[PDB]
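Chemist: Just dropping this structure here.
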Amino acid sequence: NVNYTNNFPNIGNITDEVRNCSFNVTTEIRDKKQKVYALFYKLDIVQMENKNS
Amino acid sequence: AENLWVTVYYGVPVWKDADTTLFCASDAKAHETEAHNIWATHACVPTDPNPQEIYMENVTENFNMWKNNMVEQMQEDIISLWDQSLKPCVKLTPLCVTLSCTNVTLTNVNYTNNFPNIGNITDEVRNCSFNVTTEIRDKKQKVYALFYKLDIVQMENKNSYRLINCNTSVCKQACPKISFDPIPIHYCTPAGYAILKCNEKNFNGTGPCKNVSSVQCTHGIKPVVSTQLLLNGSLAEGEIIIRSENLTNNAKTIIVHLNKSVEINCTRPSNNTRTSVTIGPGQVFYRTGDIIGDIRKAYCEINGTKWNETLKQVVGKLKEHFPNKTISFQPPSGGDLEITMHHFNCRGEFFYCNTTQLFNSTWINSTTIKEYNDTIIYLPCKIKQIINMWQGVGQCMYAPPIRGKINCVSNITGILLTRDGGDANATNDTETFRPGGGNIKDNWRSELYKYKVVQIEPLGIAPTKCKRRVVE
Amino acid sequence: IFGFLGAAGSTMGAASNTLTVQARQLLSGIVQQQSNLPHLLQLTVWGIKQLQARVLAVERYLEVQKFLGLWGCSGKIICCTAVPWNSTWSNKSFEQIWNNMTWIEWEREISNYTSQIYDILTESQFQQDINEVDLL
Amino acid sequence: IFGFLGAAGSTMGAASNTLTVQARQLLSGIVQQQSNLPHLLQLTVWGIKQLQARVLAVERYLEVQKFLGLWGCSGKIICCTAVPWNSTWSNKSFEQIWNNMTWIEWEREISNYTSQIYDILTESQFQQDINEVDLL
Amino acid sequence: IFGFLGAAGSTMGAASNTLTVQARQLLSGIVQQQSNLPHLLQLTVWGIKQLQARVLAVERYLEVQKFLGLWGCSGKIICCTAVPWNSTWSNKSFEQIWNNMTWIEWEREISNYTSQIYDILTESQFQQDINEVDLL
Ligand SMILES: *[C@@H]1O[C@H](CO)[C@@H](O[C@@H]2O[C@H](CO)[C@@H](O[C@@H]3O[C@H](CO[C@H]4O[C@H](CO[C@H]5O[C@H](CO)[C@@H](O)[C@H](O)[C@@H]5O)[C@@H](O)[C@H](O)[C@@H]4O)[C@@H](O)[C@H](O[C@H]4O[C@H](CO)[C@@H](O)[C@H](O)[C@@H]4O)[C@@H]3O)[C@H](O)[C@H]2NC(C)=O)[C@H](O)[C@H]1NC(C)=O
Ligand SMILES: *[C@@H]1O[C@H](CO)[C@@H](O[C@@H]2O[C@H](CO)[C@@H](O[C@@H]3O[C@H](CO[C@H]4O[C@H](CO)[C@@H](O)[C@H](O)[C@@H]4O)[C@@H](O)[C@H](O)[C@@H]3O)[C@H](O)[C@H]2NC(C)=O)[C@H](O)[C@H]1NC(C)=O
Ligand SMILES: *[C@@H]1O[C@H](CO)[C@@H](O[C@@H]2O[C@H](CO)[C@@H](O)[C@H](O)[C@H]2NC(C)=O)[C@H](O)[C@H]1NC(C)=O
Ligand SMILES: *[C@@H]1O[C@H](CO)[C@@H](O[C@@H]2O[C@H](CO)[C@@H](O)[C@H](O)[C@H]2NC(C)=O)[C@H](O)[C@H]1NC(C)=O
Ligand SMILES: *[C@@H]1O[C@H](CO)[C@@H](O[C@@H]2O[C@H](CO)[C@@H](O)[C@H](O)[C@H]2NC(C)=O)[C@H](O)[C@H]1NC(C)=O
Ligand SMILES: *[C@@H]1O[C@H](CO)[C@@H](O[C@@H]2O[C@H](CO)[C@@H](O)[C@H](O)[C@H]2NC(C)=O)[C@H](O)[C@H]1NC(C)=O
Ligand SMILES: *[C@@H]1O[C@H](CO)[C@@H](O[C@@H]2O[C@H](CO)[C@@H](O)[C@H](O)[C@H]2NC(C)=O)[C@H](O)[C@H]1NC(C)=O
Ligand SMILES: *[C@@H]1O[C@H](CO)[C@@H](O[C@@H]2O[C@H](CO)[C@@H](O)[C@H](O)[C@H]2NC(C)=O)[C@H](O)[C@H]1NC(C)=O
Ligand SMILES: *[C@@H]1O[C@H](CO)[C@@H](O[C@@H]2O[C@H](CO)[C@@H](O)[C@H](O)[C@H]2NC(C)=O)[C@H](O)[C@H]1NC(C)=O
Ligand SMILES: *[C@@H]1O[C@H](CO)[C@@H](O[C@@H]2O[C@H](CO)[C@@H](O)[C@H](O)[C@H]2NC(C)=O)[C@H](O)[C@H]1NC(C)=O
Ligand SMILES: *[C@@H]1O[C@H](CO)[C@@H](O[C@@H]2O[C@H](CO)[C@@H](O)[C@H](O)[C@H]2NC(C)=O)[C@H](O)[C@H]1NC(C)=O
Ligand SMILES: *[C@@H]1O[C@H](CO)[C@@H](O)[C@H](O)[C@H]1NC(C)=O
Ligand SMILES: *[C@@H]1O[C@H](CO)[C@@H](O)[C@H](O)[C@H]1NC(C)=O
Ligand SMILES: *[C@@H]1O[C@H](CO)[C@@H](O)[C@H](O)[C@H]1NC(C)=O
Ligand SMILES: *[C@@H]1O[C@H](CO)[C@@H](O)[C@H](O)[C@H]1NC(C)=O
Ligand SMILES: *[C@@H]1O[C@H](CO)[C@@H](O)[C@H](O)[C@H]1NC(C)=O
Ligand SMILES: *[C@@H]1O[C@H](CO)[C@@H](O)[C@H](O)[C@H]1NC(C)=O
Ligand SMILES: *[C@@H]1O[C@H](CO)[C@@H](O)[C@H](O)[C@H]1NC(C)=O
Ligand SMILES: *[C@@H]1O[C@H](CO)[C@@H](O)[C@H](O)[C@H]1NC(C)=O
Ligand SMILES: *[C@@H]1O[C@H](CO)[C@@H](O)[C@H](O)[C@H]1NC(C)=O
Ligand SMILES: *[C@@H]1O[C@H](CO)[C@@H](O)[C@H](O)[C@H]1NC(C)=O
Ligand SMILES: *[C@@H]1O[C@H](CO)[C@@H](O)[C@H](O)[C@H]1NC(C)=O
Ligand SMILES: *[C@@H]1O[C@H](CO)[C@@H](O)[C@H](O)[C@H]1NC(C)=O
Ligand SMILES: *[C@@H]1O[C@H](CO)[C@@H](O)[C@H](O)[C@H]1NC(C)=O
Ligand SMILES: *[C@@H]1O[C@H](CO)[C@@H](O)[C@H](O)[C@H]1NC(C)=O
Ligand SMILES: *[C@@H]1O[C@H](CO)[C@@H](O)[C@H](O)[C@H]1NC(C)=O
Ligand SMILES: *[C@@H]1O[C@H](CO)[C@@H](O)[C@H](O)[C@H]1NC(C)=O
Ligand SMILES: *[C@@H]1O[C@H](CO)[C@@H](O)[C@H](O)[C@H]1NC(C)=O
Ligand SMILES: *[C@@H]1O[C@H](CO)[C@@H](O)[C@H](O)[C@H]1NC(C)=O
Ligand SMILES: *[C@@H]1O[C@H](CO)[C@@H](O)[C@H](O)[C@H]1NC(C)=O
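In order, the protein sequence lines correspond to chains A, F, M, N and B. The first sequence maps to residues 137 to 188, 190 in PDB author numbering. The second sequence maps to residues 31 to 136, 136A, 137 to 188, 190 to 309, 312 to 321, 321A, 322 to 355, 357 to 405, 412 to 414, 414A, 415 to 459, 459A to 459B, 460 to 507 in PDB author numbering. The third sequence maps to residues 519 to 556, 564 to 661 in PDB author numbering. The fourth sequence maps to residues 519 to 556, 564 to 661 in PDB author numbering. The fifth sequence maps to residues 519 to 556, 564 to 661 in PDB author numbering.
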């Protein structure tokens, strides 16, 4: 990503505020599943156990 | 005489235009059959045994066409009925399966009593199978079925198909109990509203009608569905007439209304058995089981002499609307299968008739009589199972197969046309009328061209020579 | 001799003799019967389209009853108030009105004065009996 | 005094002194309350049926009012007009009716010509007013 | 000239000549319109409250008509029957009531003798009408 950031606010960039999570859900045909990646905010994500999952 | 005083009146015969909700009223002679028709369900009130008609003599009313609010009300009615009649039926989500599909090999009587000799279903349906799970580790069976080529497509991985609509949206299988037979409906307004009915014969779209008679509510209407040719309609009493919102504006459709009907009678000669398989908890699913005996394309028959004479009459009618321009007919120029193909329902399954030999013709100057024989016209008419009757407002519905030979006969009364906007042919004059097109509404405005909704205003005021006697 | 709306095109004079036949059918209708057989029978669109029909029947009729109530002409097909026409609304003589001026277009000519005639009549009724309440 | 339907079996004459109690109870009822406490209480099955009750309540009162509205004496309990008997709907004399025959049984005898009675009664009220208009 | 409900705080005597303003707006409002523009708009929660709104308009207006119907003062604004007023409900004189005490206070002042009075009016009307039949 860009590094100039137009740093007038100089408060902070959004690292650690979002998590690159690539999950794995089925396509139209229910017998086939595919890996799709998505970007989610940390407020929508929790960990049950087994860190890195 | 300044001594006049006002004098209110009650029940004065004066009305004004308005828009009002209408309730269904089905006939008693055709209802209570327990079939639970989709269109005219059990909720319709019993119709009056003796509908009335009061002639009005010295009346002129500025009727209108393509502006009736009644057509929108009944359109909403039909949409809602089609939606509600399908909700308690089974879904087909577990049909999004990678079908392994091969051709068909059918052996039967070779002669098959082929009178039309049009062809056979072979190389038009794709005998398909798909895996089903089993207890043993990595062991699957085949649950074979027969599907038409119009309901399967191939994306990749050669020799593998899937349903065309299983991916775009959700599709349901209509329960066999509900019937698609169009039962006549009588629309009837609430008390306090009158329906005006123009009894003039040669009445086109708009213009004052001086023969209108007022009835309590309308006669029977058929909710039948079609795309290119109107079916089961009511013949125009006077003569073959042409209707449009604006003739010169090619964008608007043009509707042909006849006075003598032409009978269409055609059938599926195939032989089928409804095999049942179980998917999900208590949600049975039907399929085209097997074909044995007769294997022939669903022909369609139209009498040649009647059709040619009807075309001659209609071109004669069109001639006075375009002075020095020859009239020609051409097949539909494209579009989806709902336009370039005739569409009509027959006892729970939907045909798709080619209808090109009817609509390919020309009429240069009608100078002489171009004599011909007696002839029979054959139309190879395809069949589709997965159908989305409407673009994006109808639920994808999977018509179950129908056992045995199925025959339908109907009256042809209406024809839908459309003009073409030529520019530089100021002298090389001709006109092409590509059939087809038109929304679902145009199939229904052909019957609502007589009725206008008015609201009674029974309070009237006029001066008299009376004065109230004040009491003391 | 005339049915529903039978004389709506006839002249002013001969139309009045059929006011009753167009008055008995302001509430009676097909809606009286229940249904062919009593899914969602009560929740189908015609289960609510019919209900919308019934509520419009009473409301549309009873609205007219409101104006008859105020003017004192309640329970009378033909009434007689005491508002003198001032010739401003329409100055056609009596002969020119009741001879061959038909009903349907009559009050459309007066259509710009309905909003005031429906108000001046109310005042006339009010002023009649205020004198009466202090006379008996 | 008598309550609701308190003299339905009593004689004709003695049942003519209890008309006021039944007229009052023709709209009053417990259906006025909306609900004990107002998910989707609007479309709850106990709510859709209650709404049907209110509509049927007014339509049953309006039906009687409309007929009595046209007969020229709106706003009275008892009322007599100027339609003489033809003496073939009921060929019985006076004391034979008001003493010992009852209301409930009487209606059955005359229930066979009411559609020819309501119509003829209305015309008389209209006929009276027509003669009055050309009177003053 | 006043507005709707525009003199409720005024004295009763000077507020007895503006009743037509209030009486003219019992049904004529905004609910009469169906919708701004027509997928089954009749079942939207916004559209399910007009039914509660519309039927409440009539069911509130009819209650007024029923009481006016029986008392004989139907089809009038300021009527007056002939039942005596024995002062046990209010013994104040003519001037002490009309000119000084406002309408709202007066309604609250006898709100507990209404039900007895409302029954007295109908009976006074009924037995008076019995005289008429027993007169000719
Ligand atoms: C209904 O069910 C049936 C059966 O359940 C389904 O049919 C099955 O489909 C699957 C695909 O989903 C097939 O799996 C494939 O198997 C291939 C075989 O590879 C094995 O052998 C390799 C080496 O063997 C070499 O020689 C042999 C011949 O001697 C060749 O066949 C082979 O190709 C080699 O050249 C081994 O190294 C390898 O480890 C295997 O053990 C696989 O190669 C193939 O992999 C493809 O896909 C992978 C991703 O999944 C990809 O990484 C690979 O590169 C390759 O592209 C695939 O897994 C079953 O074999 C087949 N069963 C049969 C044929 O009996 C049927 O599809 C289903 N119907 C549906 C779903 O509609
Ligand atoms: C246009 O109008 C035409 C005439 O009104 C319509 O043709 C009729 O359409 C109805 C609707 O489906 C058909 O009714 C069906 O009839 C079959 C006949 O069953 C036969 O076989 C069984 C079993 O052996 C037997 O018991 C019967 O007695 C019959 O011998 C019924 O099984 C169906 O349930 C259904 O009632 C008419 O049959 C049909 N007419 C003819 C002559 O076939 C036409 O449908 C209309 N247009 C459209 C598009 O619908
Ligand atoms: C999506 O697919 C990936 C690739 O196979 C899965 O990752 C592995 O899945 C296998 C199958 O059970 C597991 O045994 C491995 O442990 C998985 N890898 C890791 C690093 O854990 C992935 O699990 C699939 N998605 C989901 C939700 O299971
Ligand atoms: C459902 O599948 C069909 C065919 O399998 C899709 O239709 C084709 O989609 C591709 C893009 O993936 C286009 O290039 C083709 O032109 C489409 N076919 C035609 C005849 O136009 C369809 O898009 C799929 N829909 C969804 C929602 O997945
Ligand atoms: C249907 O309408 C057409 C009008 O286009 C009628 O055609 C007329 O037929 C009569 C007798 O057959 C001829 O005398 C006329 O000259 C025809 N009209 C024209 C414009 O030439 C046809 O008769 C109508 N059908 C029926 C059954 O009456
Ligand atoms: C509709 O068409 C079908 C088929 O063209 C007609 O059925 C045939 O009728 C002839 C006349 O008796 C028989 O010889 C054939 O055997 C019939 N076909 C079969 C498959 O049995 C049918 O009569 C036509 N109906 C109408 C009303 O035109
Ligand atoms: C689709 O193809 C399969 C395989 O050819 C057909 O299965 C045959 O079914 C008949 C019915 O008795 C058997 O006699 C054959 O032995 C079967 N084939 C094999 C290879 O065993 C299936 O019937 C076809 N589906 C159709 C025609 O609808
Ligand atoms: C197609 O056209 C006509 C129907 O109008 C039929 O031929 C008619 O036959 C009768 C006697 O059978 C003659 O009086 C008519 O003059 C004929 N008219 C024409 C235009 O030929 C013919 O039988 C029809 N064919 C079918 C299969 O229905
Ligand atoms: C309807 O029938 C016509 C008449 O045959 C079809 O026109 C031919 O269609 C085939 C393939 O569909 C083409 O190869 C030909 O060039 C077309 N013209 C002729 C003169 O044969 C028409 O295609 C059919 N409708 C559809 C949608 O296929
Ligand atoms: C429509 O207007 C015509 C005008 O001629 C009416 O006909 C006249 O009607 C009056 C009264 O009914 C008679 O006195 C005349 O003798 C009639 N003259 C003719 C030439 O008919 C006709 O009655 C009017 N329509 C209605 C329904 O009354
Ligand atoms: C509010 O109440 C007071 C109490 O009387 C009113 O005062 C009188 O108003 C009238 C109006 O013309 C005057 O003529 C009197 O002189 C005022 N005083 C008395 C003692 O009567 C006042 O007008 C009322 N306001 C309204 C708007 O009604
Ligand atoms: C921006 O985000 C990066 C991580 O991607 C972090 O190292 C850095 O400190 C952040 N701030 C700036 C000013 O670069
Ligand atoms: C199926 O039929 C098509 C068209 O006739 C042909 O191209 C194809 O090779 C056939 N496949 C098999 C397996 O018979
Ligand atoms: C089907 O039609 C084709 C071509 O029309 C023909 O070759 C074949 O013999 C017919 N019958 C079968 C069983 O394929
Ligand atoms: C309908 O016919 C009348 C008279 O023939 C004509 O004036 C009018 O333009 C026609 N309407 C249309 C839409 O063509
Ligand atoms: C007027 O309408 C009636 C309705 O039955 C019809 O019979 C008649 O032919 C029409 N025309 C004339 C001129 O009466
Ligand atoms: C047609 O299908 C039916 C379905 O039961 C079957 O009984 C019959 O044998 C098949 N063939 C013929 C010629 O009817
Ligand atoms: C008339 O129509 C029939 C329809 O079958 C067709 O066969 C014939 O060729 C046509 N004749 C002319 C001259 O268009
Ligand atoms: C065709 O053109 C001629 C040329 O003058 C003209 O007179 C005629 O009116 C036009 N229309 C028809 C129908 O002949
Ligand atoms: C069919 O349409 C074509 C269009 O080019 C035309 O040339 C032909 O004459 C028409 N009729 C036949 C029998 O091909
Ligand atoms: C068509 O008409 C011609 C004219 O001579 C005739 O020779 C031929 O046999 C006819 N064909 C049919 C099928 O009637
Ligand atoms: C179809 O048309 C014929 C006239 O050819 C008519 O006798 C028959 O009643 C019509 N059928 C229907 C269902 O309207
Ligand atoms: C007649 O009354 C109307 C009431 O709307 C009024 O507008 C008009 O000015 C009055 N004319 C005369 C001459 O009083
Ligand atoms: C009577 O009315 C006509 C048309 O409305 C008008 O021209 C004329 O001036 C009026 N006469 C008087 C005296 O107002
Ligand atoms: C009795 O009433 C009937 C109508 O029901 C009427 O026709 C008959 O004329 C009446 N009797 C007499 C004597 O008028
Ligand atoms: C009155 O009717 C009763 C039976 O209901 C009968 O006993 C009695 O005699 C009748 N009175 C006369 C005067 O007929
Ligand atoms: C009204 O009654 C109350 C008590 O009942 C008494 O105090 C008051 O003086 C009475 N007023 C008149 C005017 O009778
Ligand atoms: C008017 O009423 C007020 C209280 O509402 C009281 O104080 C005053 O004495 C009363 N005056 C007369 C004349 O009744
Ligand atoms: C009416 O009931 C209330 C409620 O307790 C009571 O206080 C009052 O004395 C009663 N009478 C009057 C005239 O308010
Ligand atoms: C006065 O009228 C009331 C009615 O509410 C009654 O209760 C009371 O007994 C009456 N007083 C006399 C003395 O009759």
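All residues carry an ideal CB built from backbone N, CA and C; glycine is no exception.
For ligand 12, list every residue whose C-beta falls under 5 Å from any of its heavy atoms, going in chain order.
Modeler: With the cut-off at 5 Å, the residues found are A/149 and A/151.
Chemist: Counting only Cβ-Cβ distances shorter than 9 Å, please list the residues of the region 646-657 of chain B near chain N, keeping chain order.
Modeler: If the cut-off is 9 Å between Cβ atoms, the region 646-657 of chain B has 647, 648, 650, 651, 652, 654, 655 and 657 near chain N.
Chemist: Following the continuous beta strand (DSSP E) through residue 490 of chain F, name the residue where it begins and the one where it ends.
Modeler: Position 455 of the second sequence, counted from the start, is the residue given in the question as residue 490 of chain F. Taken as a continuous stretch (DSSP letters only), the beta strand (DSSP E) holding residue 490 of chain F covers 486-491.
Chemist: CB of residue 616 of chain B to nearest heavy atom of ligand 27: below 7 Å?
Modeler: Locating residue 616 of chain B in the fifth sequence gives position 91, counting from the first residue. Checking the Cβ of residue 616 of chain B against ligand 27 gives yes.
Chemist: Between residue 598 of chain N and residue 600 of chain M, how many whole angstroms is the CB-CB distance? I'm expecting something under 8 Å.
Modeler: The residue you call residue 598 of chain N lines up with position 73 of the fourth sequence. The residue you call residue 600 of chain M lines up with position 75 of the third sequence. That belief holds up - the Cβ atoms of residue 598 of chain N and residue 600 of chain M are roughly 6 Å apart, short of 8 Å.
Chemist: When you compare each of B/660, B/625, B/638 and B/645 to residue 527 of chain B by their alpha carbons, which one comes out closest?
Modeler: Here residue 527 of chain B corresponds to residue number 9 of the fifth sequence, with the count starting at 1. Out of B/660, B/625, B/638 and B/645, B/625 has the C-alpha closest to the C-alpha of residue 527 of chain B.
Chemist: Pick helix, strand or coil for residue 373 of chain F, following the three-state DSSP scheme.
Modeler: As a working mapping, residue 373 of chain F is identified with position 341 in the second sequence. Of the three classes helix, strand and coil, the one that applies to residue 373 of chain F here is coil, per DSSP.
Chemist: What would DSSP say about residue 121 of chain F, mapped onto helix, strand or coil?
Modeler: Working through the second sequence from its first residue, we reach residue 121 of chain F at position 91. DSSP places residue 121 of chain F in strand when its eight states are reduced to three.
Chemist: Nearer than 7 Å: is that true of the beta carbon of residue 133 of chain F relative to any heavy atom of ligand 13?
Modeler: Along the second sequence, one-based indexing puts residue 133 of chain F at 103. Correct: residue 133 of chain F has its Cβ closer than 7 Å to ligand 13.
Chemist: Assuming residue 585 of chain M and residue 222 of chain F make a contact with CB atoms under 8 Å, what is their CB distance in whole Å?
Modeler: Residue 585 of chain M sits at position 60 when you count from the first residue of the third sequence. Residue 222 of chain F sits at position 192 when you count from the first residue of the second sequence. The Cβ separation is near 5 Å, so the contact holds.
Chemist: What is the rounded straight-line gap between the Cα of residue 227 of chain F and the Cα of residue 246 of chain F?
Modeler: For this step, residue 227 of chain F is matched to residue 197 along the second sequence. For this step, residue 246 of chain F is matched to residue 216 along the second sequence. One C-alpha to the other measures close to 10 Å.
Chemist: Following a CB-centred definition, is residue 440 of chain F positioned closer than 7 Å to any heavy atom of ligand 17?
Modeler: Translated into positions along the second sequence, residue 440 of chain F becomes position 403. Yes, ligand 17 has a heavy atom inside 7 Å of this Cβ.
Chemist: Cβ of residue 196 of chain F less than 8 Å from any chain A Cβ?
Modeler: For the purposes of this step, residue 196 of chain F is identified with residue 166 of the second sequence, where counting begins at 1. Residue 196 of chain F counts as touching chain A.
Chemist: Exposed or buried, which one is residue 377 of chain F when buried takes at least 16 other CB atoms within 10 Å?
Modeler: Within the second sequence, residue 377 of chain F is the residue found at index 345, counting from 1. So residue 377 of chain F ends up on the buried side.
Chemist: Considering only C-alpha positions, which residue in the set F/251, F/464 and F/443 is nearest to residue 483 of chain F?
Modeler: As a first step, residue 483 of chain F is located in the second sequence; it is residue number 448 there, counting from the start. Nearest option by C-alpha distance: F/251.
Chemist: Grouping DSSP H, G and I as helix and E and B as strand, with all else coil, what is residue 391 of chain F?
Modeler: The count along the second sequence starts at 1 and reaches residue 391 of chain F at position 359. Looking at residue 391 of chain F - three-state DSSP - the assignment turns out to be coil, as it is neither helix nor strand.
Chemist: Would DSSP call residue 592 of chain B helix, strand or coil?
Modeler: Here residue 592 of chain B corresponds to residue number 67 of the fifth sequence, with the count starting at 1. Here residue 592 of chain B sits in helix by DSSP.
Chemist: Between the Cα of residue 592 of chain M and those of F/496, F/506 and F/204, spot the shortest distance and give me the residue it belongs to.
Modeler: Sequence index remark: in the third sequence, residue 592 of chain M carries index 67 (1-based). Here the closest residue by C-alpha is F/496.
Chemist: Report the neighbours of residue 576 of chain B on chain N: residues whose CB is nearer than 8 Å to its CB, in chain order.
Modeler: Translated into positions along the fifth sequence, residue 576 of chain B becomes position 51. Simply 576.
Chemist: Which value, in whole angstroms, describes the spacing of the CA atoms of residue 144 of chain F and residue 160 of chain A?
Modeler: One-based indexing of the second sequence puts residue 144 of chain F at position 115. One-based indexing of the first sequence puts residue 160 of chain A at position 24. Distance between the alpha carbons of residue 144 of chain F and residue 160 of chain A: 58 Å.
Chemist: Would a C-beta distance cut-off of 8 Å place residue 635 of chain M and residue 614 of chain M closer than the cut-off?
Modeler: Position 110 of the third sequence, counting from 1, holds the residue named residue 635 of chain M. Position 89 of the third sequence, counting from 1, holds the residue named residue 614 of chain M. Cβ atoms of residue 635 of chain M and residue 614 of chain M: closer than 8 Å.
Chemist: Within 8 Å (strictly less), CB to CB, does residue 570 of chain B reach chain M?
Modeler: Stepping through the fifth sequence from its first residue, residue 570 of chain B is reached at position 45. With 8 Å as the cut-off, residue 570 of chain B does not count as an interface residue toward chain M.
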